[PDB]
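Single-letter residue listing:
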Amino acid sequence: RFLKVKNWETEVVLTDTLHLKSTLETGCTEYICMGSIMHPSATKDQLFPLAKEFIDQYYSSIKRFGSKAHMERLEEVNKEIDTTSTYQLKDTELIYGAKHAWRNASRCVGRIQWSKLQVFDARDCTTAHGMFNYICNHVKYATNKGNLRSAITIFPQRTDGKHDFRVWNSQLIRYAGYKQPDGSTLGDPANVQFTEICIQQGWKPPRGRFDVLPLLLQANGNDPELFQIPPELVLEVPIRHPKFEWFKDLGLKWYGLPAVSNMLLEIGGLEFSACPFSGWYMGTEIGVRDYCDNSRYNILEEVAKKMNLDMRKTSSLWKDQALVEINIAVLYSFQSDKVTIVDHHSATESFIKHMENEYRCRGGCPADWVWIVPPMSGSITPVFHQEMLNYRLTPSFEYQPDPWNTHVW
Amino acid sequence: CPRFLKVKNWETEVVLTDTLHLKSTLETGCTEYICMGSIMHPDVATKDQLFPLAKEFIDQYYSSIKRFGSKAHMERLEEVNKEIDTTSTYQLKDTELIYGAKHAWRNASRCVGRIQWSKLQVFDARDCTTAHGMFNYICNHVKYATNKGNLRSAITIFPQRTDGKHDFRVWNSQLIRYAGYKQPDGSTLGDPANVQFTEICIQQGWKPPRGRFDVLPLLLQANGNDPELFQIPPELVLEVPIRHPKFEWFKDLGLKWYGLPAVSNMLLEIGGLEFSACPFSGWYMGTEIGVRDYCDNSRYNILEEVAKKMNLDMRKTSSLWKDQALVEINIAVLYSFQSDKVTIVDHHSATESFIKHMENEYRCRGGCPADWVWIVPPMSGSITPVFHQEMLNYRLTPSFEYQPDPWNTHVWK
Ligand code: HEM
Ligand code: HEM
Ligand SMILES: Cc1cc(N)nc(CCc2cc(CC[C@@H]3CCCN3C)cc(F)c2F)c1
Ligand SMILES: Cc1cc(N)nc(CCc2cc(CC[C@@H]3CCCN3C)cc(F)c2F)c1
Ligand SMILES: C[C@H](O)[C@H](O)[C@H]1CNc2nc(N)[nH]c(=O)c2N1
Ligand SMILES: C[C@H](O)[C@H](O)[C@H]1CNc2nc(N)[nH]c(=O)c2N1
Ligand SMILES: [Zn+2]
């Protein structure tokens, strides 16, 4: 049936028909909603219908459904799965599928950009050195001297599960984290464990507060290998405040390129377990989560110190004051260094415009409210007031298990 | 459905195990293929529908008092069954009414204040017959709950629905709200959210002061009759002028708010009985006023004026002038309430209390249904502990439910 979503601020009512096309589960039932669970719970016979559905929507997207080219592709794909237990996507299908996995990512507020995506085909890669070369070209292309460009690099698909290509880093660029003897943590505490895998594999840690981690790349199921991204390819921004001149003395920096490297791209039943993709940051990703999560850099006390705020009672909102100033600094710093960044007001507004577009031309837009609403100032952004329907469309980005939990050395 | 469901807290790594969801009774709106968790809203019971609903409730009540299967339990079941047989309804005992109201709060997945659920004063108003009598009961509620600023949570329960043509309803959505007036030029005076109800009040005879913070009259419907207007005695309406501890100019904005949040449009369901008039009240979390009431665009919408008095760059959104003003508005609200010794809770203490409450409920009860979309405060979400807490949402009974607006269904006499 048709379903209606309403924006309680504007009273706009959009009508969703696109959800009728889903078949993957969401995790919910009629009796329990799992909307805030972060991760709720092939063969030749599983593969062809998935392939058929994907080929069908591709040829339907270029408005040649049931065409001769369409019909031959179906048989081409049928014979190929038959004789080989898998198949290979055409270039056009690879690009279509990657853009549409982004389009369908319900947790991404940046999707108004979905059709501007540079797709790098790396399916001829065979070694970790080749992966490193492909990844360096990606980073260079996407960074573009601060004029960031969305990109994805796609390595060979899964075959038997024993020859997987994996980027073991969860993101291409991250800072190391170190367990200090006295119990505290230097660097990024989220990466203490991965840093120790790199140390244990031979990485010489500078043991600073913002050490860019090496790449750890696994090709064709082999043991992973370490590589250092050339530093001139790693663009970084010293964080300073437009009014508080003491802010630069905090010694804070961050990298310009957000690039998720641990997800699985599924297209037509094929699984690409190494598909690093990147865009540009929304300021709150750095200013709220990375810097102010209690389990991340956790800088709120320090900033509130220099601001000389009353920190004895929570109801002074000293944390909320320091939070806003930290996020002002991040936006100001990136903009002053001409590095692409978007504030959560502009991003959410664009996302509302995007939803409007997708409802008109596509009949819906899957969206996960829990993730779309920014982690600060929620209700002064328009998405807070926007009812959203969440559902799973394919091609898609999915989570997969960490490689250090399954790999036999 | 699986017997054990696990939720995780991603900041602390604490994993909790839920079995209470097996007792889920109503529908969420979600399916296996679509989640409706951000949808705001996703003729009486017959004898056959009523029997199992009542037994379910009575069994639960007698379990809670460690008398399950007792002689009193079997006798109460038999008496209730006979009453439904001969009268097609039944009456709750005072103990059962109190238990059911506290558990509807305890079950309210959208409420972050539930650590308090067992301290709820219940006023049995099932003997009320007229709107005047409703007015008396509501005044006593307001006075009791306000307590000169040392607020006490309370509920007043009017007679249950019979055939649906004799409903008791409070037409007000909340007991205390400010009027809103649409102007000929399209601007709005007062609270724009309340323009429709205000128009109804004026139509029913209310003389409007046409100010910015005019307390609305009560519009009260007894036994399905036409509703009648009453003015709450102003000495019973505690209000707080908003000032800022640092910014001397903040009081010059002329802002104030009422002290008592009292929801009066919900339906209380106990044992299949429907209490269509059950006003309940607690105390405010500051963000309800400082973020939503004051800074929602379609509400009082003061961010602009505060930012100007703060002399902020309002040309670029990336200056975060909105965020900066929003914080100071919420600082003023908490400061003004604490200075006047009116109970209020900030969003940091409320969410910490809720996490502790949720853990205890998981321990002692096997779960705690919670609606993350509502539990996370509307500002500074991720620096509160609920942001990082996975929650399962499901509908237990007794429950508070939404119901149609009474002007949309009432048959005028
Ligand atoms: C171009 C600018 C982009 C912006 C501003 C943006 C913004 C965001 C933000 C703020 C999140 C939440 C991330 C978190 O809290 O961990 C997110 C999630 C996500 N984004 Fe985008 N993004 C962009 C580009 C892209 C691209 C190019 C892709 C894929 C080709 C993508 C796919 C995703 C996915 C799959 C998620 C969910 C990841 C997860 O569930 O962990 N995004 N995005
Ligand atoms: C005693 C202190 C209390 C606090 C701090 C508190 C806090 C809150 C807050 C912040 C909300 C969200 C309101 C909104 O965003 O519109 C809420 C909702 C709710 N509360 Fe509580 N509350 C309290 C007492 C109560 C009581 C006494 C009851 C019932 C006996 C109750 C039942 C509910 C219900 C049913 C909702 C959902 C309302 C809806 O869906 O519109 N609360 N509470
Ligand atoms: C393409 C794109 C654009 C954009 N603007 N942002 C992103 C996300 C970037 C990102 C994510 C994470 C993981 C956060 C984990 C995952 C689940 C819980 N959370 C703690 C770590 C990072 F270092 C990072 F940069 C991607
Ligand atoms: C017992 C209790 C304690 C507490 N702390 N808060 C509350 C809520 C109080 C409350 C609710 C509403 C409804 C807001 C509507 C409903 C959905 C959309 N929203 C615009 C308006 C109010 F004026 C009000 F005071 C109740
Ligand atoms: C428990 C909850 O699902 C978890 O904290 C989510 C909440 N919303 C989020 N939203 C975004 N964008 N990113 C996140 O990591 C999270 N974390
Ligand atoms: C669309 C969305 O569901 C709606 O704006 C909700 C979001 N969460 C909320 N949370 C609370 N506490 N109160 C609300 O009114 C809302 N509104
Ligand atoms: Zn759901």
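Our structure is the block above this text.
## So, the nonpolar core
Among the nonpolar cores identified, the biggest contains 124 residues, and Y291 of chain A together with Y294 of chain B are the most heavily contacted of them. In contact with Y291 of chain A, not counting residues within four places along its chain, are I239, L252, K253, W254, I286, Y297, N298, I299, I326 and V330 of chain A. Counting residues in hydrophobic clusters, the runner-up holds 57 residues, among them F351 and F384 of chain A together with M285 and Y362 of chain B.

## Considering the packing of aromatic side chains
How two aromatic rings sit relative to each other is set out by the distance from centre to centre and by the angle between their planes. Enumeration over the complete set of coordinates arrives at 44 aromatic pairs over all chains. Taken together, the aromatic side chains of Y175, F210, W254, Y255, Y281, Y291 and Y297 of chain A make up a single cluster linked through ring pairs. Positioned above the aromatic ring of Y141 of chain A is the side chain of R149 of chain A, whose terminal nitrogen or guanidinium carbon lies 3.7 Å from the ring centre. Cation over ring: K8 of chain B sits above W10 of chain B, and NZ or CZ is 4.1 Å from the ring centre.

## Concerning the side chain of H241 of chain A
Residue and element names in this part refer to chain A. With respect to the helices and strands, the residue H241 is situated in the loop between β10 (236-238) and β11 (253-255). We classify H241 as buried; its relative accessible area is 4%. From its side chain, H241 meets the backbone nitrogen of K243 in a polar contact 3.1 Å long. Side-chain polar atoms of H241 contact the side chain of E325, separated by 2.7 Å. Those residues in contact with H241 that sit more than four places away from it in its chain are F247, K248, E325, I328, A329 and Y332.

## Side note on the packing of helix α8 (residues 318-336) of chain A against helix α8 (residues 321-339) of chain B
At their nearest, the axes of α8 of chain A and α8 of chain B sit 10 Å apart, and the two run at 175° to each other. Overall, the two elements α8 of chain A and α8 of chain B adopt an arrangement that is roughly antiparallel. Here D320, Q321, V324, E325 and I328 of chain A of α8 of chain A lie close against α8 of chain B, whose contacting residues are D323, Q324, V327, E328 and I331 of chain B. Class assignment of the residues belonging to the contact of α8 of chain A with α8 of chain B gives a composition of four nonpolar, two polar and four charged.

## Section: the site of ligand 5
As a matter of local geometry, ligand 5 sits amid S36, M38, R289, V370 and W371 of chain A together with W372, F387, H388, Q389 and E390 of chain B. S36 of chain A is positioned such that a nitrogen or oxygen atom in its backbone is 2.7 Å from an oxygen atom of ligand 5. The contact in question runs from an oxygen atom of ligand 5 to an N or O atom on the backbone of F387 of chain B, over 2.7 Å. Contact with the protein chains removes 88% of the 400 Å² of surface that ligand 5 exposes when unbound. When grouped by side-chain class, the residues that make up the shell around ligand 5 number five nonpolar, three polar and two charged.

## Description of the site of ligand 2
All names here are of chain B. Lining the immediate environment of ligand 2, one finds 17 residues, of which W105, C111, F280, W283 and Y402 sit closest. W105 places a side-chain nitrogen or oxygen 3.4 Å from a nitrogen atom of ligand 2. Among the residues making up the shell around ligand 2, the classes are represented as eleven nonpolar, four polar and two charged.

## A look at the coordination of the iron atom of ligand 1
Protein coordination of the iron atom of ligand 1 is limited to a single donor, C108 of chain A (SG), which sits 2.3 Å from the metal. As for its position among the elements, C108 of chain A is in the loop between α3 (91-104) and β3 (118-121).

## Let's talk about the coordination of the iron atom of ligand 2
Donor atoms from the protein around the iron atom of ligand 2 number only one, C111 of chain B (SG), found at 2.4 Å. Mapped onto the secondary structure, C111 of chain B falls in the loop between α3 (94-106) and β3 (121-124).

## Some thoughts on the interface of chain A and chain B
Across the boundary between the two partners, chain A contributes 64 residues, which contact 64 residues of chain B. Here chain A and chain B share an interface that buries about 5400 Å² over both sides, 61% of which is from carbon and sulfur atoms. For the pair chain A and chain B, the interface holds zero salt bridges. Looking at the side of chain A that touches chain B, the elements that each hand over two or more residues are β1 (3-6), α6 (283-292), α8, α9 (344-362) and α10 (369-372) of chain A. Looking at the side of chain A that touches chain B element by element, the count peaks at ten residues for α8 of chain A. Tallied by class, the residues present in the side of chain A that touches chain B amount to 28 nonpolar, 24 polar and twelve charged.

## Remarks on the sheet that holds strand β9 (residues 228-230) of chain B
All names here are of chain B. The strand order across the open sheet formed by three strands is β5-β8-β9, and the pairing between neighbours is antiparallel. The sheet terminates laterally at β5 (169-170) and β9, the two strands that pair on one side only. Across two bridges, β5 lies against strand β8 (residues 218-221) in antiparallel orientation. In the sheet register, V170 faces β8, and the bridge partner there is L220. Its contacts with the sheet place helix α4 (residues 131-146) against β5, β8 and β9, and it is angled at close to 125° to β8.

## Structural notes on a negative patch on the surface
Together, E25 and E30 of chain A together with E27 and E32 of chain B line one region of the surface with negative charge. With respect to the helices, strands and loops of the structure, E30 of chain A is situated in the loop between β2 (13-16) and α1 (44-61).

## Concerning the environment of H385 of chain A
When you line up the elements, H385 of chain A lands in the loop between α10 and β18 (396-398). Here the alpha-carbon distance between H385 of chain A and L89 of chain A, two residues 296 residues apart in the chain, equals 40 Å. Apart from the residues within four sequence positions on either side, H385 of chain A is in contact with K6, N7, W8, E9 and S379 of chain A together with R292 and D296 of chain B.

## Topic: the sheet that holds strand β15 (residues 280-281) of chain B
Where strands meet in a sheet, backbone hydrogen bonds hold them as pairs that are either parallel or antiparallel. Residues and elements named next belong to chain B. Judged by pairing direction, the sheet is mixed, and its four strands sit side by side in the order β3-β4-β15-β12 without closing on themselves. The sheet terminates laterally at β3 and β12 (262-263), the two strands that pair on one side only. As judged from the four bridges shared by β3 and strand β4 (residues 154-157), these two strands associate in the parallel manner. Each bridged residue has a counterpart across the sheet, and for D124 the counterpart in β4 is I157. Seen against the sheet, α4 touches β3, β4 and β15 and runs at an angle of roughly 170° to β4.

## So, the pattern of salt bridges
Applying the stated criterion across every chain yields a total of 47 salt bridges over all chains. A salt bridge links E304 of chain B to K308 of chain B; the nearest nitrogen and oxygen atoms lie 3.3 Å apart. One end of the pair, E304 of chain B, and the other, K308 of chain B, are both in helix α7 (residues 303-309), four residues apart, so they sit about a helical turn from each other. Connected through salt bridges with shared partners, the residues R73, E76, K90 and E93 of chain A form a single ionic network.

## Describing unusual backbone geometry
Cis rather than trans, the peptide bond between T394 of chain A and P395 of chain A has omega equal to 0°. Here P395 of chain A lies in the loop between α10 and β18. A cis amide bond links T397 of chain B with the next residue in sequence, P398 of chain B, at an omega value of 0°. Secondary-structure assignment places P398 of chain B in the loop between α10 (372-375) and β18 (399-401). Of note, the phi angle at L320 of chain B is positive, near 60°, even though the residue is not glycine. Locating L320 of chain B in the fold gives a position in the loop between α7 and α8.

## Quick notes on the environment of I299 of chain A
Residues and elements named next belong to chain A. Relative to the helices and strands, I299 is located in the loop between α6 and α7 (300-306). According to the relative accessible area criterion, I299 is buried, its value standing at 3%. In this structure, the C-alpha to C-alpha distance between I299 and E75, residues 224 residues apart in sequence, is 59 Å. Excluding anything up to four places from it in sequence, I299 contacts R209, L252, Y291, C292 and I326.

Cut-offs used in this document
- Residues numbered from 1 in each chain as written, not as in the entry; some residues may be left out.
- Chains lettered and ligands numbered in written order.
- Heavy atoms only, no water.
- Core = buried A, V, L, I, M, F, W, Y, C linked by side-chain atoms within 4.5 Å.
- Buried < 20%, exposed > 50% of the residue type's maximum accessible area, 1.4 Å probe, protein only.
- Contact = heavy atoms within 4.5 Å.
- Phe/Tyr/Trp six-rings, centres within 6.5 Å; stacked < 30°, edge-to-face > 60°.
- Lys NZ or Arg CZ within 6 Å of the ring centre and 35° of its normal.
- Helix = DSSP H or I, 4+ residues; strand = E, 2+ residues; numbered from the N terminus.
- Polar contact = N/O pair within 3.5 Å; in protein donor to acceptor, adjacent residues only side chain to side chain.
- Axes fitted to C-alpha atoms, helices over the stretch in contact; angles between N-to-C directions.
- Parallel < 35°, antiparallel > 145°, perpendicular 65-115°, else oblique.
- Nonpolar A, V, L, I, M, F, W, Y, C, P; charged D, E, K, R; others polar.
- Near = heavy atom within 4 Å.
- Areas by Shrake-Rupley, 256 points an atom, 1.4 Å probe, with all protein chains shown as cover.
- Donors = N, O, S within 2.8 Å, 3.2 Å for Na, K, Ca; no water.
- Buried area = accessible area lost by both parts, 1.4 Å probe.
- Salt bridge = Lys/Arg side-chain N within 4 Å of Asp/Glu carboxyl O.
- Pairing = 2+ DSSP bridges.
- Patch = residues over 30% accessible without salt bridge, like charges linked within 9 Å, V, L, I, M, F, W, Y side chains within 5 Å.
- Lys, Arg positive; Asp, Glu negative; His and termini not counted.
- Charge placed at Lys NZ, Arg CZ, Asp CG, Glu CD.

By themselves these figures say nothing about function.
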